[PDB]
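Subsequent text provides structure tokens for two forms of one protein chain, presented individually as structure 1 and structure 2.
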Structure 1
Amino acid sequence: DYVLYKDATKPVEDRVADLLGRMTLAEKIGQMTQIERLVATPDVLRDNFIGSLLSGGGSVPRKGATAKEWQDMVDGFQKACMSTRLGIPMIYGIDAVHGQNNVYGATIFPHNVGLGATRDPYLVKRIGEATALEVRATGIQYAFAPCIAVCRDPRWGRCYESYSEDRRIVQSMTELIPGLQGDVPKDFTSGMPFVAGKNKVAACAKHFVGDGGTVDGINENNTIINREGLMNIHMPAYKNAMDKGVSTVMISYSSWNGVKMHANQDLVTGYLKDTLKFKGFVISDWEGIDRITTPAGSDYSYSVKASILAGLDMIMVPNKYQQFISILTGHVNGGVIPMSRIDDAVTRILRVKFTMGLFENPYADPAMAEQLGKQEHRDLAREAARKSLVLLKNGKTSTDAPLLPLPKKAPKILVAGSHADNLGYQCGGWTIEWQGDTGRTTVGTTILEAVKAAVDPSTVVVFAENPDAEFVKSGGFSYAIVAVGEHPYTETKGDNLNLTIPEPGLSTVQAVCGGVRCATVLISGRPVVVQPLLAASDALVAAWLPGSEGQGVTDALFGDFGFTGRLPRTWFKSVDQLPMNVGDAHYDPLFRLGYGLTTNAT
């Protein structure tokens, strides 16, 4: 018989209230629980009334899985959730942070630092639109993006996930949100959640707040800054996210002035909810509540109390769900956490689910599987990669011929370096694995492959990963393209003191450029020590982490398009200067924010 919450014609708030009024405390606490697919089974999902699942980095049904395999996984979990008494569908989240990057064959877009270099918010919106389609190709409805961190110290291992050290650029790139979710209607109230329907995904502004601040660039640590600095650097892009209807916000592992974000009622409830009027749901980071305590996990009862009372709505447990549900149930039953707090959390979670159409379309659309890796999206990623490139040098003296653009017809050319033919390295972190990987880890085009696809048929292309100087001098080359840089990383292994690229990288550039004129392509997540690379090179391009479409690099090297990218952050002279930002008394950059040379298309 008729149940108001099941009626798709009714207003979202009426459906939320109708469902909430029917729910037991177990059904309510279940909605607030997000678990890893690695611990999920149909019985676990039904018995514990689970509200959400995720894949963390690298959590996949198998290596090489097709889009249909992901849809079958997500639907198998959804069938269990739809079989509960109330039939509340789960929402499945994943880090689709530069495309649907855990998935084999997904288009991999440039990381956010390179997107900052484009200064093109419409390009970023189009990337959100394409990412939503590739996430929905795999049956998933929720992406943990954008990271709107304002990275103020490039020693941070996640600096490549920040569009810029300048909050104005980060604010402009919140256009990712209506890409992913759809544009909000003209009448829209700031802070409400929005998703247009089954071809879009819920988004997540992360990590709230000051994740880009931290002392020594140390990940998951203390950001020391006064309120004016928190509010003028780290917070503004959250208001833009409210204006664009971001559906969820994820809290940072970081602390602000010694207070853990996951326990900060003043910021999570007083500011985000009560001042910005955010009406979507607030989600923890991975074991974020565990890390409220030192050591982490040493008083999980307190972690649950502190986080839920701070105003978090959904907890990314993600493994110990039985303990989580047991502890929260105990707190509620003991009067330590009031029912009004549970009811607010569930109201917000249900509001996002109903608003996005999840009750109407809980299952995957098999017709969407073919969106994965679509050529139109690879053409977009190629455009973005080319626009992200920043030309740092194009001739050793003011009187030399500019090396770039290079001619496509030459008798023989050399492609060299550890990063010339390594797809994993050109994608960086958060690609297939959490920390990324080496070699041909997915479908794409390396810089070597892109050169071979670009050049005249008469041009002989020789590859040598690490040639010695004599090989280059004897090879009869017209010029060389040498690609080197950082290996893939995230915070842990990415948080780095010295910011010097691994060897051999510099040695290869010096060997190659000593023998023939060279264009050096530097692959990195951030500024790295660069004076020695510059001294050896005729031309040098900061290519950041350009993703699967290596032809974006060659589109500018061979002059099909001019270089237009500009630094979205300061390039330091030495790591001893750090942190070093505009307005600091010691500001003395090698290249300033906004620097970049240009070429004209040939």
Structure 2
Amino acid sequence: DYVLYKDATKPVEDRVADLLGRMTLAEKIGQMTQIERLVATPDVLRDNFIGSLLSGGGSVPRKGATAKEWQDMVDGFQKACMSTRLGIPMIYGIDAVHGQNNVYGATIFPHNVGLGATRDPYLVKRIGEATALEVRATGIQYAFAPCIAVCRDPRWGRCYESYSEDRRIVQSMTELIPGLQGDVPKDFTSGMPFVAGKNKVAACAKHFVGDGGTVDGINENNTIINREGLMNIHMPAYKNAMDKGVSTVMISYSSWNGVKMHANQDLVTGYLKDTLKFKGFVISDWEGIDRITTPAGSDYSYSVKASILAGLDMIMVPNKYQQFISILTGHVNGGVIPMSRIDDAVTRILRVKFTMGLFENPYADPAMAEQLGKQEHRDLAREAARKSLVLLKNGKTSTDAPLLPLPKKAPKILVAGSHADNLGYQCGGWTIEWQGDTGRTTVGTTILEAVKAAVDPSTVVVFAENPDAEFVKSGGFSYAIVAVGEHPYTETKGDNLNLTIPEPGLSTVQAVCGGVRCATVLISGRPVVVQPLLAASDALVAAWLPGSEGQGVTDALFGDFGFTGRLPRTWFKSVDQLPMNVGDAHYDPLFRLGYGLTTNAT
């Protein structure tokens, strides 16, 4: 007879109910299961009725894979899923968190902290738009973004993934969501999922909740704050996300007052689902349910019970799907987890899939491949990089001529420092590899390349990575641009109690600026100890992690545009002050939140 769920003209809720009513337990639990492409095969996907796949950081079909290679990979998986009895298409997720960043040749946008510096939500919306296109270029339908953490301590390795320590700024930047997904209709009910169609992607507000509030910025640790503080600081942007139709929410590894978020029924079900009326699906973090216990994974049966009863809908396993499916099936058969809970999880997963058009367009569009690294998107990244820059110093005394903007015509100039010609360093973590990497890892323009592209043809440009003082004094230079800062990092590898940049960095700045007037470009994911760098430098720019388009940096250095970025975080005098956020009683910053010098275009 007629099969309602296969009818594209029918309301989503009717299609959901019609399909749900046909499904076996195995088919239901399969929808709730997300697995790594590294463990996926056609038989696995078909036999286990798998609902989702992902690429974790650096999980790629081949180094240097083309957009079409990604499309072929995703379509291969999709063909297996579509060959099941019910033909429910899988959704494929990836961390596209500053562009489609795992992919070779994808445009790499500034990380969130720099976007916060721009105070420009419309810019961020347009970045969401470009990112959706580059993700769809690779056949992928689901981005694990935005991170709406409010980082309250820059010792956290994910501080760069937070737009600001100020929740108001984070709330404003939720505009990423309608960029990625499309704008919601005028009729729209807050909490409903939304994706406009095949040229957009499902988004994910993460990580719920208080991931940016952990003690001493220890990643995945305990957020110790009363309910009033949680609701006033860490929660608000989730409400904006509901209002904008975010399709999914990912749960945090962190705990709130000692209760694991992955086990917190009060917050996941009581608040997110029952109070905020969230109707999309809730996904775990990577082995998030494993990490409920100490040691992690030492009671996986408990992990499954606790997380599913808490209200999680989809589990990012991501590897041991056999164990997950077996345990969950056992719990349901034994009445420990009710069918109502399973049906709710599946209802939400199917709701997102039908809403976004996945049943109508389960396969990649080969015409989209050329969206990857498209020059217009690079022009946008370049605009964002330039707007993110915060000018902290522009002259050593009130009597000095401002160093910036620099003249494009000079007899000879010096470009120096570990970060002047290192594309991987300027992109930071979550670029090609999970932890990021060093050197020419993708298509882009380094600061050195940007300088050479900007200056008058008569200007001789000399590069020296770590010149000594004599080299500089003898070189006949008009000025120097020197770039130094943090190495790429992600998650726990970035947790750092001292926040001092690696050497050589300061020593290079001192040697260069001791010999010639010098503009220091600081590449970092966060405020770092900066007084010594300031003391040496004529001008100093906090460039954050500006991404693949290094010309954004030189657009401001050479006065094509004026500096406009303002600190989205407090710049501390010392790490012993931390945590120290705007509005605190003891507030003694080196530079307050919102500080930034300006220049005018030449």
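Shifts are known only where both forms have a C-alpha. In this text, the rigid core denotes the largest set of C-alpha atoms whose superposition between the two forms falls within 1.5 Å. FYI, numbering is relative to structure 1, first residue = 1.
Visitor: Does residue 25 show a Cα shift reaching 2 Å between structures 1 and 2 after rigid-core superposition?
Guide: For residue 25, whose C-alpha is compared between structures 1 and 2 after core superposition, the shift is less than 2 Å.
Visitor: Any CA movement of 2 Å or more for residue 584 between structures 1 and 2, core superposed?
Guide: True for residue 584: a C-alpha shift of 2 Å or more.
Visitor: Where the core is superposed, what shift in Å does the CA of residue 490 undergo between structures 1 and 2?
Guide: Its alpha carbon moves by 1.2 Å.
Visitor: Core superposed, what is the CA shift for residue 128 between structures 1 and 2, in angstrom?
Guide: Displacement of the alpha carbon, after core fit: 0.0 Å.
Visitor: Fit the two forms on the core and write out the ranges of at least 3 consecutive residues whose every CA moves by 2 Å or more between structures 1 and 2.
Guide: Shifted runs of three or more residues, which all move 2 Å or more: 491-493, 582-586.
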